[PDB]
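In what follows, a single structure is set out as structure tokens and then discussed.
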Amino acid sequence: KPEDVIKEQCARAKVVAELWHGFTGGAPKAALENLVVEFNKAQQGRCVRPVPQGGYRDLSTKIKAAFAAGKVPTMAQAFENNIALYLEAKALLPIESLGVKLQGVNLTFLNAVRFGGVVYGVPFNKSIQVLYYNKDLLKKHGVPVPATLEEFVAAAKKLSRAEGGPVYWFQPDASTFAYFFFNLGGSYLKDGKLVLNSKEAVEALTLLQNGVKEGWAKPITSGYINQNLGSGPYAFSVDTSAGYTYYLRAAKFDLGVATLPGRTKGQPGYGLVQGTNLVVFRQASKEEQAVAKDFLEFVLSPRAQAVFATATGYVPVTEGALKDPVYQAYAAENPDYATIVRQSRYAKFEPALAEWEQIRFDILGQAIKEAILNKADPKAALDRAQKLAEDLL
Ligand SMILES: Nc1nc2c(ncn2[C@@H]2O[C@H](COP(=O)(O)O[C@H]3[C@@H](O)[C@H](n4ccc(=O)[nH]c4=O)O[C@@H]3CO)[C@H]3CC(O)(O)C[C@H]32)c(=O)[nH]1
Ligand SMILES: O=S([O-])[O-]
Ligand SMILES: [Cl-]
């Protein structure tokens, strides 16, 4: 068990840098621990201790408690909005002040960790949405993988009619809504104001709610989409690439990965970038900061990124990772890794506002759930979301 190995490594160590994370298990937790085990073996008496804090929401709550208690870890995973929050307290070390080189990091990811021109995060486990699909079920009914939103809706209705059940499965949540919202031309910031109830928002939430009414979209209310597989016909989901190993272990059918359907065939749709960056807390000792420096250099190395990305379905964050022989050997055997990289070229972020975590779950996610599960009118549900968000900001 890698967490037992690390516990023993850290027991023999003169300096331990704690890294608080939101991996509850599967391949992401095993890949993070395996990376830490190798880092720790290369050091002389210096270690990283990964500390599971629950999911990402539990992690952000535990960091809030840590600020209140006046005792932060050395490193933590952080979404771009969590970075914005922690910078209000000036709790974060600039990454380049540690002497970590970021050249060769993808500008999609590096730009998202740059605040006021300075980098306060190291992109580590960055995901993109992809189209997961049931190759067997599409083959059975001769339905090509849809390249456009129009094709996707047609494919879902045709397969749902043939199978007697809704085949597009989705979580009624902010992540899923972002795919439809972005690819209907939606934009969350209008002259720097956060807008949740634009016509593209209403259109995105109407399309999902109509999908449920018309019997081609199946809301998943309990667990992850990959935990629900096997109950009723499944053709498609739009989901994080970090879901890849979880789909593979659950799927009784031949799992497919495609680029996202876009407005036209001239370009794939935009996917939502999720997963986290590593931040380094100012409060850490110079000795713990020096361990963070080396760990970050290690996490950005082409081998570390190649192994982590091939073990998980996360997007390798560097140019050098794609040139690493381990990455190349996996990609040559499994086209899904190249599909994830291609889709990572067409990448949108949610707003990096300090309040965004509360807004995306408690306000926006609640409005999506009202409309999908309680048949609330999409505009009325999003107008309420807008009022609650305007009150919070
Ligand atoms: N706190 C906070 N969370 C945020 C923010 N923006 C987006 N997200 C959440 O990031 C999750 C995606 O990040 P990612 O690392 O791509 O995927 C996660 C897991 O989602 C995924 N997983 C785990 C178990 C499983 O059976 N299936 C599976 O796919 O594996 C990875 C590690 O757990 C989304 C999903 C959500 O958690 O419901 C809400 C979303 C934010 O601003 N703050
Ligand atoms: O972001 S570039 O790959 O179009
Ligand atoms: Cl959580």
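For reference, positions follow the sequence shown, starting with 1. Numbering of ligands and ligand atoms starts at 1, following listing order. Note that these values count all heavy atoms, side chains included, but never hydrogens, waters or copies made by symmetry.
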query: Got a protein heavy atom sitting under 4.0 Å from atom 36 (C) of ligand 1?
result: no

task: Verify the contact flag for atom 33 (O) of ligand 1, where contact means a protein heavy atom under 4.0 Å away.
output: no

In plain terms, say whether [X] and [Y] are close enough for a salt bridge, that is, a side-chain N and a carboxylate O under 4.0 Å apart.
X: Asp391; Y: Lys387; answer: yes
X: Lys29; Y: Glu3; answer: yes
X: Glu163; Y: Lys140; answer: yes
X: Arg57; Y: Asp362; answer: yes
X: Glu151; Y: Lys265; answer: yes

Connected via hydrophobic side-chain network under 4.5 Å: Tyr56 and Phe109: yes

Can you tell me the protein heavy atom closest to [atom] and the distance?
atom: atom 38 (O) of ligand 1; answer: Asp173 OD2, 4.3 Å
atom: atom 40 (C) of ligand 1; answer: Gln274 OE1, 3.3 Å
atom: atom 24 (C) of ligand 1; answer: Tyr246 CZ, 3.4 Å
atom: atom 27 (N) of ligand 1; answer: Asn226 OD1, 3.2 Å

query: Going from CD on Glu357 to OG1 on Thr61, what distance comes out if it is rounded to the nearest 0.5 angstrom?
result: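 Taking CD in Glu357 and OG1 in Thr61, the distance rounds to 7.0 Å.
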
message: For ligand 1, which is the ligand I care about here, please tell me if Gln171 has any N or O atom under 3.5 Å from one of the ligand's N or O atoms.
response: no

- prompt: Between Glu357 and ligand 1, does any nitrogen or oxygen pair lie at a separation below 3.5 Å?
  reply: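 Looking only at distances, the answer is yes, because the N/O contact criterion of under 3.5 Å is met.
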
task: Closest by any non-hydrogen atom to atom 4 (C) of ligand 1: pick that one out of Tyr244, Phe79, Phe23, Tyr56.
output: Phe79

- request: Measure from atom 31 (C) of ligand 1 to every heavy atom in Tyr314, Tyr224, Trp356 and give the option owning the shortest one.
  value: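 Nearest option to atom 31 (C) of ligand 1, by heavy atoms: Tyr314.
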
- prompt: Does some non-hydrogen atom of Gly26 fall short of 4.0 Å from ligand 1?
  reply: no

message: Just to check, does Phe361 reach to within less than 4.0 Å of ligand 1 when the distance is taken from its heavy atoms?
response: yes

- prompt: Does any donor atom in the side chain of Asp239 or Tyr247 lie under 3.5 Å from an acceptor atom in the other side chain?
  reply: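 Present: a donor and an acceptor within the cut-off.
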
- prompt: Quick one: do the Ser175 and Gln274 side chains pair a donor with an acceptor below 3.5 Å?
  reply: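 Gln274 and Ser175 do have a side-chain donor-acceptor pair below 3.5 Å.
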
Would you tabulate the polar-atom pairs, meaning N/O of ligand 2 against N/O of the protein, with distances under 3.5 Å, reported to 0.1 Å?
unit_1   : atom_1 : unit_2 : atom_2 : d
ligand 2 : 3 (O)  : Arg345 : NE     : 2.9
ligand 2 : 4 (O)  : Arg345 : NH2    : 3.1

- request: Using side-chain hydrogen bond (donor to acceptor under 3.5 Å, both in side chains) as the criterion, list what pairs up with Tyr244, not counting sequence neighbours.
  value: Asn334, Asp336

Need the ligand 1 atom indices (1-based, order shown) with element for anything under 4.0 Å from a heavy-atom of [X].
X: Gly243; value: 29 (O)
X: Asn81; value: 41 (C), 42 (O)
X: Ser127; value: 14 (P), 16 (O)
X: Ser175; value: 40 (C)
X: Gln227; value: 26 (O)

message: Heavy atoms only, cut-off 4.0 Å: how does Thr24 contact ligand 1, side chain, backbone, both, or neither?
response: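 Contact part for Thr24 vs ligand 1: neither.
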
- prompt: So which pairs with a foot in residues 67-88 pass salt bridge (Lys or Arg N to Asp or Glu O under 4.0 Å), sequence neighbours left out?
  reply: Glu80-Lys126

- prompt: With sequence neighbours excluded, what pairs up with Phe236 under the ring-ring contact (aromatic ring centres under 6.0 Å, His included) test?
  reply: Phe152

- request: Step through the shown structure and confirm whether more than 12 heavy atoms of other residues, nucleotides or ligands are within 6.0 Å of NZ on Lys213.
  value: yes

- request: Grab the two heavy atoms, one from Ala306 and one from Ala321, that are nearest each other, plus how far apart they are.
  value: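 Heavy atoms only, the tightest pair is CB-O, 4.2 Å.
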
query: Is the ring centre of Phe349 less than 6.0 Å from the ring centre of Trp356?
result: no

